[PDB]
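The next block holds one structure in the form of structure tokens; read it before the comments.
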Amino acid sequence: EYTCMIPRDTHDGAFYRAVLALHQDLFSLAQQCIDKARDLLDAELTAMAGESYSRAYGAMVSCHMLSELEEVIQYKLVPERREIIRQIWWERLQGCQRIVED
């Protein structure tokens, strides 16, 4: 509901819609939902913030999730043999030098 009630503009805006089509196990659009969310954050961070660790950093965390999202849609349509994903995730997380909420 509220997702519907959210616009499709934001990084977030596209986001859950993908999640949802993925929660609906619907892909192409959701696939492209990212692609916009991609495009969103595309233009976004590219202000570059003179970034050092700067929210373009967080913006990575954002896309990082998208990737991380881009992953599951393959799990979940894969042989589950992908189970390495866990490690990969484990990696993809642990190499995150990070706080929690992320």
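Within the stretch 35-50, restricting attention to residues that are touching a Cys at 6+ places or on another chain (Cβ under 9 Å) and hydrophobic (A, V, I, L, M, F, W, C), the residue that is surrounded by the most Cβ atoms within 10 Å (Cβ to Cβ) is 37. Here residue 78 fulfils each of the conditions (1) under 17 Å from the mean Cα position of the chain (by Cα); (2) in a loop (DSSP other than H, G, I, E, B) apart from (1).
The residues in the stretch 1-52 that are among the polar types (S, T, N, Q) and more than 16 Å from residue 63 (Cα to Cα) can be counted, and the count is 4. Applying the criterion of at least 3 residues that are out of contact with any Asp or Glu (no Cβ under 8 Å at 6 or more places or on another chain) and without any contact (Cβ under 8 Å) to a residue 12 or more places away in the chain to the helices (runs of 4 or more DSSP H) found wholly in the stretch 1-68 leaves 2-5, 28-45.
Where residues in the stretch 75-94 are of a type in the set (A, V, I, L, M, F, W, C) and over 18 Å from residue 64 (Cα atoms), which of them is surrounded by the fewest Cβ atoms within 10 Å (Cβ to Cβ)? Across the stretch 75-94, the extreme among qualifying residues is 77.
When the test is whether a residue is acidic (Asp, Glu) and either part of a loop (DSSP other than H, G, I, E, B) or surrounded by 14 or more Cβ atoms within 10 Å (Cβ to Cβ) (or both), residue 101 passes it.
Here, each number is a calculation from the coordinates, and none is a lab measurement. Neighbour counts run over all protein chains shown; Cβ positions are idealised from the backbone, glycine included.
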